[PDB]
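Subsequent text provides structure tokens for two forms of one protein chain, presented individually as structure 1 and structure 2.
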Structure 1
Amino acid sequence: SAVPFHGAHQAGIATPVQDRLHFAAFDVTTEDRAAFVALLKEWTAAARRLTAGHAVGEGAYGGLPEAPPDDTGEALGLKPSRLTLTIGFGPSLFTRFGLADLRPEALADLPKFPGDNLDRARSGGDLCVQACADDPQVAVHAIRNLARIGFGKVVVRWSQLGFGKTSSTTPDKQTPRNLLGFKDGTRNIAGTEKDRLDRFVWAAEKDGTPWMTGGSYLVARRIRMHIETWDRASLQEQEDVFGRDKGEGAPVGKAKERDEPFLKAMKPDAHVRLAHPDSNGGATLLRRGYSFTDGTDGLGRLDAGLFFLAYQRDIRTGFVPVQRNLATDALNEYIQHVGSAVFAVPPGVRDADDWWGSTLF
């Protein structure tokens, strides 16, 4: 029902994947380092309250009638709902407060990729807060109240709601399906694999940026799907695009979902074949994305897709090589990357006296 907030790492990376997401990117409006550190301490205090299911500050009610309540109160009577709050720092943060020389080399700018159609307004950001929870209202209340506490020092640049499984009805051992109808997450880094997390996910001291030890690097891509076009493709076209069948999710030529793929039996530009670590010099990612459906655009079409989130030890050796190899993905016919951001996710809050970003500031 709750996920511990303190740790060597921030929660919400290797911890069990919750049903819902509210991702927000913030821009910083203050030039004052001290004022920003002050806000980081205030946010951390609020995150401790929120992730334990408590109201922020002195509560949603019961205070002085002539003061506004410390907490906006729409999460009253709800449970912690496995809420995790994960903060990250964008490269543009490091142009402020004199931090230019503290930017990790692993926090690399993404190249432009063939087919990119990035909306400037829904890309970038000085920092982000990833709020995951099984109840969407818990997640929204967290973002709503952190933005309020930070008003004057940060504004919300863009925000994305997402959903995965609904746990109260779907088995825990069942792979969820993306909105193309295919199981998603079969061959992924699991939070139980401590050795693969150390190798592929967590920043280490010898990687070159000490304040980032125990952190990770996050890539966010908002990927629209062309739903109506996908849905007119033959069942055989859809399965050819991925290299797995739609019903079971088994790699072509095998019968069970978790059978290891034979890549030579897949089409040369199949998505699994091009994404697999064997085709990328061993490059392996922790995917932790969520589906989205925002409504319908001006042409009647479903505004829906995958809010892709990948964690890795170094952007230069994780996301970049794999996405580069997708240049000829048969999937590119049906998707468009329309938003993008990268963030350095600092190490965990170690105890009650620690705070978000203490190793950097």
Structure 2
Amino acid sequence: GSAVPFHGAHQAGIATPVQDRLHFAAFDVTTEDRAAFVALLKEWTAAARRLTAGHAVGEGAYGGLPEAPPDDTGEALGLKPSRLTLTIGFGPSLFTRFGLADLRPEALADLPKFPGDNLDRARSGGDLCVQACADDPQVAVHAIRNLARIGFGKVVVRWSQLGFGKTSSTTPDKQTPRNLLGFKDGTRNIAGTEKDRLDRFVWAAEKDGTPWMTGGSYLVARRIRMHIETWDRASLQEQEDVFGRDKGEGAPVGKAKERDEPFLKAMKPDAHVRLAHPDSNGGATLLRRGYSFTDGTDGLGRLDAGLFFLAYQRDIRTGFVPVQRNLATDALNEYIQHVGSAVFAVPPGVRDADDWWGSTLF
């Protein structure tokens, strides 16, 4: 229930321990006034300082002038901060505005097309994003709702996604959660404590070529539908061969414990862990921070389940791209389909009560 500090060299919500619920929104900008947009970034930062501390935005949710709408919509009243983090990111399409083209980072690479892609252009892309994570979904919704409200006229919501439960871990000392295919997910991820691994694989550095990004990261979001009907009729052995780990313990094939190191040659050549593993990808390493979703039925008598996949990396070209290319022959492909996609530059942290989101860019 405690708060997660908002200030830092880095934005919270990345190396932070992974909170139970997610509300992810992508925004398009509807003002051509750079001054208006900068004032928005400052106002949103002020709201976030309140929101992540458990306080109502502006002058509160009630007790103001009767004839004016309340500053805060009020549904988080009486709730604790619940580890709320707010993480902001800039889409490639934002740099065509306010004269930012010269500032687009080289590591904000558009993704190539991948075999199997069935991307819905409505649930893809976006000028900027806010990732709201909390252990209470009312807290996460309230923050997105109130950010959008404050941005009325300057931004609209392009698309959003709710994650009802995490499928990722930055704390290997705690239990690994399972995804909706029933497998532990997050065993071999980067930990929030591994400060040297985060420096090499996650945080952008001055020398990488884009000084305003020093301290930030790069985010890939993929909405991935799961063919649970097809999966749920596969034998237990078939499911375990697809991944290279047993279902119960989550141990690499042949071994006894979830955290024993995989021996890649014992796995099938198209096994998911074998293909995604850094050793198979020239050392490429990712920080996975995704969440499960279900969005009703598919209209055909079945539940609609999937995974909202989020990966943070130091450079999209040396993180997500090579690992995803190596998955062209993944046995998991038979059961999944990518149906939404977006990349964002996540700027450095808000340094103190005078700093603001995107201040190094603007």
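Numbering runs along the sequence of structure 1, starting at 1. Residues that one form lacks are left out of the comparison. For the two forms, the rigid core is made up of the largest set of C-alpha atoms that agree within 1.5 Å on superposition.
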{"item": "Moved residue between structure 1 and structure 2 - picked from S279, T186, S167, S159, where its Cα shifts 2 angstroms or more relative to the rigid core", "value": "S167"}
{"item": "Displacement in Å of the C-alpha of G298 between structure 1 and structure 2, rigid core kept as reference", "value": "1.5"}
{"item": "Rigid-core superposition between structure 1 and structure 2, with residue runs of at least 3 whose C-alphas all shift by 2 Å or more", "value": "163-172"}
